[PDB]
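> return atomic coordinates for the entry below.
(chains A and B, ligands or ions: 1)
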There are 2 protein chains.
Amino acid sequence: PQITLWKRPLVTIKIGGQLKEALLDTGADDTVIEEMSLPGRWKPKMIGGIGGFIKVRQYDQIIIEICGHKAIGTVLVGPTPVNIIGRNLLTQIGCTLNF
Amino acid sequence: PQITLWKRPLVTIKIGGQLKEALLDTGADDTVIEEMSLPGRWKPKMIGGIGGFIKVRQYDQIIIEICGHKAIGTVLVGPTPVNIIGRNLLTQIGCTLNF
Ligand SMILES: CC1(C)SCN(C(=O)[C@@H](O)[C@H](Cc2ccccc2)NC(=O)[C@H](CS(C)(=O)=O)NC(=O)COc2cccc3cnccc23)[C@@H]1C(=O)N[C@H]1c2ccccc2C[C@H]1O
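Residues are numbered from 1 along each chain as shown, chains lettered A, B, ... in the order given. See the structure here:
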């Protein structure tokens, strides 16, 4: 699809068999999702945003569908205000910016 | 242009007669620039994201040049770690997400 930016670029995602809304976010290096249960071991990560830094749990090789496109990659879990799909998965789905 | 997302989508902008590097950020509602002088009236605003909120100064009707494209809109100024071009100006340059 082509997504204009007059509104927030929110899409449906599927992760752990559940549907969530997430924001396609070219300003985010990584993908960060609100508290949920994911399989496997996690490792620590600190991520920094507009307000400062938060601690998150890093899960690798997680299956996620983004607006109907399958990705498999790193997903961070923690106190984000919004589920965000960052460049690590945007690249997997072939997402580009165009003007 | 078509901008891939293998790396941070950084561009050169001209604002207040100054050249700055800034991030094309589809997850940002607004445009926020590191401390600088801008002409005209301003009002305080709180902006939030990962790690919480910061206080900024809101300037309206500011002209910016982004990759050769002129646009006008609100620009926020304050302690952002990165200059961010948000949706209020990305729309004006005809920037879309495509996959
Ligand atoms: C969807 C959100 C709410 S959460 C993430 N987000 C966004 O707009 C995101 O694209 C931000 C943009 C940003 C880049 C760099 C520094 C700070 C912030 N990016 C992020 O939150 C991500 C988190 S990560 C590492 O993937 O897990 N950080 C990054 O990619 C890289 O951050 C950094 C890079 C370099 C130096 C840094 C120093 N100190 C902190 C962060 C740094 C939205 C938001 O904050 N929006 C607010 C915003 C932002 C700018 C202007 C106005 C407003 C209002 C809100 O719309």
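> which residue does chain A have closest to the ligand?
Here the residue of chain A nearest the ligand is residue A:27; by Cβ to the nearest ligand atom that distance is 2.4 Å. C-betas here are computed from N, CA, C, even on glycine.
> element containing that residue, please.
For residue A:27, there is no enclosing helix or strand under DSSP states H and E.
> and the top strand by length along chain A, is it in reach of chain B?
Looking across chain A with DSSP state E, the single longest strand is strand A:52-66. Yes. Applying Cβ under 8 Å from any Cβ of the partner chain, one finds strand A:52-66 in contact with chain B at A:52-54.
> among those, who's most crowded?
residue A:54 (19 neighbours; other Cβ atoms under 10 Å in any protein chain shown).
> pretty sure that one contacts residue A:81?
No. Using Cβ atoms under 8 Å, residue A:54 is not in contact with residue A:81, being 10.0 Å away.
> which residues do those two both contact?
residue B:50 (Cβ atoms under 8 Å, 6 or more residues apart in numbering or on different chains).
> buried ones in stretch A:1-8?
A:3, A:5, A:8 (16 or more other Cβ atoms under 10 Å in any protein chain shown).
> oh, that last question was meant for stretch A:40-59, not what I typed.
For stretch A:40-59, by 16+ other Cβ under 10 Å, it's A:45, A:47, A:49-51, A:54, A:56, A:58-59.
> with adjacent residues omitted, what lies nearest to the residue of chain A found nearest chain B?
Nearest residue of chain A to chain B, counting by Cβ to the nearest Cβ: residue A:49, 2.5 Å away. Leaving aside its chain neighbours, residue A:49 sits nearest to residue B:50 (2.5 Å; criterion: Cβ to Cβ, 6 or more residues apart in numbering or on different chains).
> and the gap between the nearest residue to residue A:57 once chain neighbours are set aside and residue A:87?
Nearest non-adjacent residue to residue A:57, counting by Cβ to Cβ, 6+ apart: residue A:42, 4.1 Å away. With the distance defined as Cβ to Cβ, to the nearest Å, residue A:42 ends up 21 Å from residue A:87.
> what sits against residue A:96?
Counting by Cβ under 8 Å, 6+ apart, the residues that residue A:96 touches are B:2-5, B:97-99.
> if we go to 6 Å?
By Cβ atoms under 6 Å, 6 or more residues apart in numbering or on different chains, the residues touching residue A:96 are B:2, B:4, B:98.
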